[PDB]
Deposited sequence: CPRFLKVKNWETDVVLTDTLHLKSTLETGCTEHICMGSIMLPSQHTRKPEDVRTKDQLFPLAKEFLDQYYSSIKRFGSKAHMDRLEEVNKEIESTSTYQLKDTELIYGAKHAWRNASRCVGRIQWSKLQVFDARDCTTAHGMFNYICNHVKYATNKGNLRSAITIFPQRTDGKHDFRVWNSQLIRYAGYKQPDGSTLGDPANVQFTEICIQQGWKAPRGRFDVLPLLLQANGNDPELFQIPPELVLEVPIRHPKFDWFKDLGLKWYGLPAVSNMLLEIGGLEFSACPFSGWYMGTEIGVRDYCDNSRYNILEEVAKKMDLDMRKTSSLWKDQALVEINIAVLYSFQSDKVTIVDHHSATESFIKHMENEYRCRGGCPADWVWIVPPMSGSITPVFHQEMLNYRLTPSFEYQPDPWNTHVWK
């Protein structure tokens, strides 16, 4: 069927047909919606490959051509013989860009076509991975004028020689459990911060300690490496009015770079595919800084602002939230590092949605993730109906390696 999507603020209705080409399941049923759940063979492979090549050739206006047919046969014979195949550089680039295009939880997809792809399929070791990663970080950071990029390591073979980056993001802060029973640094990384020590790392036991990369190549045991500090761009956070702010001693890194997902293109699985773009202000100011299970800093900021924290209805938490997020943005813009506010980013997404609807017939989107964690309804996406469904190529979740690795 053909579904319709309405924006309740502008009345604009869009019709969706792209969903009709969905393959994977959503987790929902006619009886129950799981829209808010965080995570709901040669014979198998060729179909997948064919589906992919078909869209690739269609995208380049050579659908059904001899080239298309030839390629389809070549891959067909390759799988039948090698039980797998290799993507052409062209198909690789198209695949990665589209996996981003299809990321229903990503609000910055208007940038999807401008992705620098780094082919690391010739990589064989952890030092090699480190080398490729350092080059990605430097390229993408670009002294503050961030550029989206992804580095693709060798695809899975027999699952016994998988490449993996154990970190969740290339750059994050350490987390240690203290005697107090409290947590020093980032609580979200406590466990990882331990496996780094349990492996050899010498933690400074600080509040913002850039973690070491834990790289795994060809199924081997992961190895540690410290990213040249000169390559980790960091922003000290200050407020454009509260000169006391700085004493909070807060800072964040400029490069968001998801490194634990799995990239699936034409059936092939790339288990190590770190990618990066740039931050939306709220990710740091609202989630990293104010989540109760994270740096949980609202109370401190509240106190220095000297506001009545006696009653929830004074909305001190909300007032502080705003100020903190004003600081994050302020600091990044001041240090000339790329960053986008939730207002501008959501506006962009709406524009992207409209482009996608008319040039592609739709845009899979997960409302639960697209709407910013603060000021939801004053951003346009809140009033925008969205249809969520899975399309390939795609970025998928995968088990944390330390729960699957056989040392």
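- What ranges of the deposited sequence, counted from 1, have no C-alpha atoms in this structure? Missing from the model are residues 1-2, 43-53, 421.
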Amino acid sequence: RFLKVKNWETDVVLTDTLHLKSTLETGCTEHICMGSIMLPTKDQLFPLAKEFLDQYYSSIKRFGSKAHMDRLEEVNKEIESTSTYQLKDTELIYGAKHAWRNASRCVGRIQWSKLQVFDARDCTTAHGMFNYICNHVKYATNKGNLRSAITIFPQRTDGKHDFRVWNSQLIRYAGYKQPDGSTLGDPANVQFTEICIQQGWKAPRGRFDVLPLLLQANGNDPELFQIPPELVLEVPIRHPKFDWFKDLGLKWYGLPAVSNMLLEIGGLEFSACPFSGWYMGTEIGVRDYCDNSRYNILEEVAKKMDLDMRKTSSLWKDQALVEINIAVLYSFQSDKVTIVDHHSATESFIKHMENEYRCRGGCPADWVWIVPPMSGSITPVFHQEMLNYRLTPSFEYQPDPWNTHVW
From here on, numbers count along this sequence of modelled residues.
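Here the rigid core means the biggest group of C-alpha atoms that line up within 1.5 Å when the two forms are laid on top of each other.
- Query: Rigid core superposed, root mean square over structures and residues, which stretch has C-alphas farther from this form in 7 other deposited structures of this protein, 174-182 or 145-153?
  - Reply: Once the core is superposed, the stretch further away in 7 other deposited structures of this protein is 174-182.
- Task: Figure out for me whether 205-213 or 156-164 is the more displaced stretch in 7 other deposited structures of this protein, taking RMS C-alpha distance from the shown form once the rigid core is superposed.
- Result: Relative to the shown form, the greater RMS C-alpha distance in 7 other deposited structures of this protein belongs to 156-164.
- Query: Given the B-factors recorded for C-alpha atoms, which segment has the greater mean, 212-220 or 259-267?
  - Reply: Result of the comparison: 212-220.
- Message: Averaging CA B factors per stretch from the PDB record, which one is higher: 52-60 or 377-385?
- Response: Mean CA B-factor is higher for 52-60.
- Sort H127, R147, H239, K138 by C-alpha B-factor from the entry and give me just the highest. That would be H239, according to the entry.
- Query: Between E354, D341, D70, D366, which carries the biggest CA temperature factor in the record?
  - Reply: In this record, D70 carries the highest C-alpha B-factor of the candidates.
- Message: Sorting by Cα B-factor within the chain, modelled residues only, which third would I326 end up in: lowest, middle or highest?
- Response: Within its chain, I326 is a middle-third residue by C-alpha B-factor, going by the deposited values.
- Task: Would you check the entry's CA temperature factor for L45 and let me know if it's in the chain's lowest, middle or highest third?
- Result: Highest third - that is where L45 ends up once the chain's C-alpha B-factors are sorted.
- Lowest, middle or highest third of the chain for the C-alpha temperature factor of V75? Within its chain, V75 is a highest-third residue by C-alpha B-factor, going by the deposited values.
- Task: Grab the CA temperature factor for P187 from the record and place it in the lowest, middle or highest third of its chain.
- Result: Its C-alpha B-factor belongs to the middle third of this chain's values.
- Against its chain's modelled residues, does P372's Cα B factor rank lowest, middle or highest third? Ranked within chain, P372 CA B lands in the lowest tercile.
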